[PDB]
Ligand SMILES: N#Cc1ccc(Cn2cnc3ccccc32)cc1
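One chain comes next, on its own, written as structure tokens: the form solved without this ligand.
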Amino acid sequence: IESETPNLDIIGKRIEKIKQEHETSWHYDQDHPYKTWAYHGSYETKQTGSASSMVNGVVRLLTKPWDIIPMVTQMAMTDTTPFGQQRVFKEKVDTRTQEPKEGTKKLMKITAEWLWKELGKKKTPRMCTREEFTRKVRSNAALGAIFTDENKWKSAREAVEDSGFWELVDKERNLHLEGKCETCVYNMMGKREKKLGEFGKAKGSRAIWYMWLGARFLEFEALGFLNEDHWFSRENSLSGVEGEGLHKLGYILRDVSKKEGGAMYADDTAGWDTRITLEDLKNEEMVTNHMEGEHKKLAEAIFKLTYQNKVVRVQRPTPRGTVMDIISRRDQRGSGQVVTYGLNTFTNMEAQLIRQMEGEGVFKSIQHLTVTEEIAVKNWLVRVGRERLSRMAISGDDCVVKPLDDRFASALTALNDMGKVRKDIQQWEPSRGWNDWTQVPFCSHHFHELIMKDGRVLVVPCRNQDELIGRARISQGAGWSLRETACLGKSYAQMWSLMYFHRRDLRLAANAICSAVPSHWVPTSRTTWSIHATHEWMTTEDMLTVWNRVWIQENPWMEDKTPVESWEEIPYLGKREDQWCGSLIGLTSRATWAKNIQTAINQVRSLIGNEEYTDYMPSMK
């Protein structure tokens, strides 16, 4: 029922080309685990990825009360080995979403058409240039070379400056213009990030899919305009937040909460990219209806031949050593495509609008839309669609919706039938809604209204303190380190004083870390540094300069631009709120840690060696 039906007239040449370069080892394993993906063959390969973690000695030594807290100490780097990847693959990528019902599809298509038109009122699809690509791509961006003709260069920078790289692009750009595709294949790797381990094992996290550099240009050429012209900015899309930094997102939530409506809902979707249906992809492609000429053909080539027909190359442990599987999947979002963020935001705006529609009873059944319901839907979009859009903040899969009323919480038949099944809740269990916008999660944070001593008001980002301390105590790599990650620890402290200055433990811990890290060191990478013989790196005073720059000078929501003169003027959350968000104030282990903080600082100093040190601790009493 759920097996994948490949279109070999479209993906056929790609698979043959991969096979041709690997005839020595190409077989057809009949023990392949793929249940929902078409499988095409395997061949020998070598293991890539990692599952180890390095300890950040300076931060661990300075956060002792948290040694006894498993929400801190179980933090690890993810497992990006093929073992780690196949786990994630069996858990979430190797799944199938049921085709939505005919009423759902009519609802999605109507809404997507109205959305593309609203997004396009003040923007125009356009091609992007090779010069634009050459200026944007990082010099060390992955080449991701699939075939040997593509493995000539040592960096993306070198590749983009060779006319031979652009000859490969031209060969394939010409195929796309005829409607054929021969080289656009996805690499696959696991996302390296920080995730809580369980049972002494580091966990995988997610799949990252990337085509080779030439195919990524071709993506960019046809579809980069969604990003480069900022289609999903809040100004253009009403719901998006593209371009707004994390720290300013609380200001958007406060404005959404000014609206009249029900609770504030922020239902996460479980494995959003794996739940993108071919219906979703075909509604996304409707942007080509606003294109012309050569552009329309290149976009359509990308959507049809590379997004709706993906050939993937993924590693897999097998008792005879690691192999590489050549699989294929017509739906899903390939997390790594140029459209990932933007089209995730698009479809998630479309899904939330529909859920709002269900809540208001515009339509009543997803099995079929009556003509009078199609009329009601279109007239609803015309009448209120733009206002319903502004009741949302949507950053790809992450969303906050303040609906008209709380019928939303139990309006789940369209949401579930589109595949957008909520995380950590039953299919038909009503949603949990916040009636206080400062408690709403959005992009892994919530936001507090912080009154300053002037009486001015900041909105500041905040999360459970154990997540922050956990992440600061580990890094990529292996084993233990002290000197090699001291500047990294100072980097974390700088983040803490700028974004979470309002948490007592974090502001104490940050000053302690700065007091312990040699003050003339400057990071040149995660594990390397240089010594400015006469400049101190990021003293107290220029940390306070950064704080005033971000929260006052450049803060559009701060009218009075009067600087703050002293770290002691910069306030904290109220104690109860600090505690509610994981503060250890009130615990005796923390009062001890604090009272004796200079001892631990002097201990780290001695372990690092004889260097010049500065005491950031008098910034607080």
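All residue numbers refer to positions in the sequence shown, first residue = 1. Heads up, when I say rigid core I mean the largest set of C-alphas that superpose within 1.5 Å between the two forms.
Absent from the display: the form solved in complex with this ligand. The rest refers to it.
With this ligand omitted here, the record of contacts in the bound PDB entry names 580-588 of 65-73, 552-560, 580-588, 22-30, defined by a heavy atom within 4.5 Å. For the candidate set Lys101, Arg234, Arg504, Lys304, a heavy atom within 4.5 Å of this ligand in the bound PDB entry is found for exactly one residue, namely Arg504. Although this ligand is not shown here, in the bound PDB entry the stretch 558-584 places heavy atoms of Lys575, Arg576, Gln579 within 4.5 Å of it, in sequence order. In the core-aligned comparison between the shown form and the other one, the C-alpha of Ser335 is the only one from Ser257, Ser335, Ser395, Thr97 that shifts by 2 Å or more.
A movement of the C-alpha atom of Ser515 reaching 2 angstroms or beyond is seen between the shown form and the other one when the two forms are aligned on their rigid core. A movement of the C-alpha atom of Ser139 reaching 2 angstroms or beyond is seen between the shown form and the other one when the two forms are aligned on their rigid core. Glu292 shows a C-alpha shift below 2 Å between the shown form and the other one [criterion: core-superposed Cα displacement of 2 Å]. Shown here is a form in which the CA atoms of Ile15 and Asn140 lie at least 3 Å closer together than they do in the bound PDB entry. The Cα-Cα distance between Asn140 and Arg313 is lengthened by 3 Å or more in the bound PDB entry relative to the form shown here.
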